Amino acid sequence: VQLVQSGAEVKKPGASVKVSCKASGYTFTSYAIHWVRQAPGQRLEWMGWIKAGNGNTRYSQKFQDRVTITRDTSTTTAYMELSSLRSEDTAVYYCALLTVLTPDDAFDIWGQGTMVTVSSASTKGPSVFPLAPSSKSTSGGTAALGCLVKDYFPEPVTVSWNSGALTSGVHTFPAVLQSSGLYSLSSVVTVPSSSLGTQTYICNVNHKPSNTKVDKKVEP
Amino acid sequence: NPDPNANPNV
Amino acid sequence: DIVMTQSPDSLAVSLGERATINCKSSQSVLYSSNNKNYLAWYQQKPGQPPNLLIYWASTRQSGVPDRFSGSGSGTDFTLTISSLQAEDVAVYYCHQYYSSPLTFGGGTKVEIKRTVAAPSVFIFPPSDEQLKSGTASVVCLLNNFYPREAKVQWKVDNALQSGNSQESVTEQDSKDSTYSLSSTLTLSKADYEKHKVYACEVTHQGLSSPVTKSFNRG
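Residues numbered from 1 in each chain as written, not as in the entry; some residues may be left out. Chains lettered and ligands numbered in written order. Heavy atoms only, no water.

For this deposition, the record names X-ray crystallography as the technique by which the model was determined and cites 2.40 Å as its resolution.

Given below as structure tokens:
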């Protein structure tokens, strides 16, 4: 019972964006998929729904002119196209099965979200540098190590460790904005210091807007 | 009173 | 437009204490013929999508722990966490599905009130790979501290710096309720070569004086 959205994108003012929502794990044609957006600091904001079966749509009055929701029943996928993009349109765009409350079933499922940035600035993939453990990165039997993801645009980058197997001790910091206009963030994990010689520690860095998938081993 | 078309999944 | 208003905007309580969030809808959410309130509550941890907690004003969704309960009818609604656990840190939204357009409240941020914890300070010299590109980032790390207020100062050759660092603070930890902060000093390669001592000085309530971490570029 899952919804999987396409990756984050950057567009030029006046251009269009086309987000997608792939569904699986349930009867696709039985329910309606909504589109909600979360701007930075603003409350969640409903845009419209589409009936997955027959394709009928209703749109919020704020987005009547510029939104179009569609669906392809064969691939189990819904789409949301927003045209004439403006600065206010920088937000995370979710698709969700909002409160499916039927006599037979009751569930609620959201896609992970698609960050859309409206800017004339160019996409740029990050450089991935190691933050190596050392004598100045240890305290009381643990060692701190991480990755520095510098100089990318737009947000976001995702950082995992050892492909998701290492999660304890992990802190991924919010991105900082540099005067250049490019973003930068750090991801750090604290691990046992005794076993730095036998264990392997890899940052997995994903920046979909620039098709960047990087695996950086971090060694002393 | 409630609008059945507000959310068709209810 | 049913305007959903929540009170308060921020709530802070100790671990285990009762927490209550109030939602007021601008018109009635009750359909008297079926006696149902068209109102739901969502939880949103940072970096995740919202999570449905309560629907029909008071019906809890399977999977949601028992300590979450909803009540109220008409235009006044309450979400109660009878015993706040660390992972309950999040923003909580009420939501009405009574009228089009669907609307959400402005969210209520719930925070934990925690004992003081001094930070663990670490510093990282720039990797050699980054210096090939002519730039040098010096990263200072303050791990797992409380309260969130912390001051970081950079020193190069014992000289206080200004204008060349940036900071970032995590969300509150779901497990121990602490924060973490990373400060990054960025310099050109040449400027970094010009100096020997790079130091990070941290001031926090759990420390009786500032702490300094430093390395020599060699």
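Still to come is the rest of the account.
Caption draft 1: Quick peek at the overall build of chain C. Regarding its fold elements, chain C presents two helices and 21 strands. Taking 218 residues into account, the globule formula puts the C-alpha radius of gyration at 17 Å, and chain C, at 24 Å, lies well above it. Taking the principal axes of the C-alpha coordinates as reference, chain C spans close to 80 × 35 × 30 Å. Going through the 218 residues of chain C one by one, you find that 49% of them count as buried. Pairs at least 24 residues apart make up 57% of the contacts formed inside chain C by residues separated by at least 6 positions. (Helix = DSSP H or I, 4+ residues; strand = E, 2+ residues; numbered from the N terminus. Rg over C-alpha atoms; globule rule 2.2 N^0.38 Å. Buried < 20%, exposed > 50% of the residue type's maximum accessible area, 1.4 Å probe, protein only. Contact = heavy atoms within 4.5 Å.)

Caption draft 2: How the structure looks around the interface of chain C and chain B. Contacts between chain C and chain B engage eight residues on the former and six residues on the latter. Interface area, chain C with chain B, both sides summed: about 640 Å², of which 71% is carbon and sulfur. If you look at where chain C meets chain B, you find zero salt bridges. (Buried area = accessible area lost by both parts, 1.4 Å probe. Salt bridge = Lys/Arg side-chain N within 4 Å of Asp/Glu carboxyl O.)

Caption draft 3: Just the domain arrangement of chain C, in detail. Residue and element names in this part refer to chain C. Per the domain assignment, the segments of chain C are domain 1 (1-113) and domain 2 (114-218). Distance between the C-alpha centres of domain 1 and domain 2: 39 Å. The interface of domain 1 with domain 2 comprises eight residues on the first partner and eight residues on the second. Buried surface at the junction of domain 1 and domain 2, summed over both partners, amounts to about 650 Å²; 46% is from carbon and sulfur atoms. For the pair domain 1 and domain 2, the interface holds zero salt bridges. Joining domain 1 to domain 2, the criterion identifies three residue pairs in polar contact. (Domains from an automatic or database assignment. Polar contact = N/O pair within 3.5 Å; in protein donor to acceptor, adjacent residues only side chain to side chain.)

Caption draft 4: View of the pairing of strand β4 (residues 32-38) of chain A. Residues and elements named next belong to chain A. Taking burial as the measure, the seven residues of β4 include seven buried ones, the bulk of the element. Of the two faces of β4, the one holding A32, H34, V36 and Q38 and the one holding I33, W35 and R37 are both buried throughout. Judged from the six bridges that link them, β4 and strand β5 (residues 45-51) form a sheet pairing that is antiparallel. By the bridge assignment for β5, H34 is matched with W49. As consecutive antiparallel partners, β4 and β5 are separated by six residues, and within that stretch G41 has a phi angle of approximately 95 degrees, a positive value. In the sheet, β4 pairs with strand β9 (residues 91-101) via five bridges, with the strands oriented antiparallel. Bridged to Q38 within β9 is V92. (Pairing = 2+ DSSP bridges.)

Caption draft 5: Just the sheet that holds strand β3 (residues 17-24) of chain A, in detail. Residue and element names in this part refer to chain A. Within the open sheet, the four strands sit side by side as β1-β3-β8-β7. Their pairing is antiparallel. Among the strands making up the open sheet, the edge pair consists of β1 (2-5) and β7 (67-72). Each neighbouring strand pair of the sheet contributes to a mean axis angle of 20 degrees, computed without reference to strand direction. Bridge analysis of β1 against β3 gives four bridges, and the strand direction is antiparallel. Among the inter-strand pairings, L3 is bridged to a residue of β3, identified as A23. (Axes fitted to C-alpha atoms, helices over the stretch in contact; angles between N-to-C directions.)

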